[PDB]
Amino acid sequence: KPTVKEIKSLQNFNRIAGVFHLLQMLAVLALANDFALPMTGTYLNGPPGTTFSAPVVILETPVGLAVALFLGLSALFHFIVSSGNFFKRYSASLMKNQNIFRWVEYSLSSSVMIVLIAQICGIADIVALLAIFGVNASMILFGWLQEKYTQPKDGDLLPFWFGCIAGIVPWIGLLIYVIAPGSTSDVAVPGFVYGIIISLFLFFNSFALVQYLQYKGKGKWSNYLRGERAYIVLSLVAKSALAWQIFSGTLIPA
């Protein structure tokens, strides 16, 4: 049973994560250049099975603003959950092995992040980016249903496994683009792009491992609160790591 001291400590950690992300959000908004990545349409120039027009730019992702957005969403929800006003709802949810505000935040913030990673890899088709956003959101919503309908140690991981099936799809997409089957150019994928894909792939797998460990509920993971803390650590570090790598790689003259 989660005590009042334990919940209050978790609220404090949420607040700390919020301040880190809010300050990083300010730093990116202030310091970032106007680097932009295109969303494109490559339209038929006749009936299906004929030829295509050249890709056209439909809109440009303002990368600095998009990084600020996933940091800002994190700050907002970490601050909401940390509030004394929310202690009762937070306590009640943790008692039921749930944190719904976590999934609401992740469904938006992690989806912004994987779209930015896709664009940094050169994925530009607007339907590719929309469907990556949608399938990544679906991964999060499956994790939400795992918490809503199961309890740790009840032997039921079906929603979790559905989440893994949805969750892996964007990463298969990235792997296809970095392999670049049929490519004519001899240009290498930049080192900093490999850094982003590999480090954030590891972070995304870490989130899945937290839910798996929580719902297996073996050893120290029998205590749901250990997973709650792990999620805060992973969201703090994953978001800060992606923001810094995008900033360092694309948003400064250096």
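Just count from 1 along the sequence shown to find any residue number.
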If you average the Cα B factors in the entry, which is higher, 216-224 or 55-63?
216-224
Should the higher mean CA B-factor in the entry be assigned to 175-183 or to 105-113?
175-183
For the C-alpha B-factor as written in the entry, point me to the maximum among 41, 49, 195, 38.
49
Maximum C-alpha temperature factor, selected from 134, 155, 143, 170:
155
Residue 119 CA temperature factor, ranked by third within the chain:
lowest
Check where residue 162 lands among this chain's C-alpha B-factors and tell me if it's the lowest, middle or highest third.
lowest
Classify residue 10 as lowest, middle or highest third according to the C-alpha B-factor given in the PDB entry, relative to its own chain.
highest
Which third of the chain does residue 74 land in by C-alpha B-factor: lowest, middle or highest?
middle
Temperature factor at the Cα of residue 208, chain-ranked in thirds, falls in the lowest
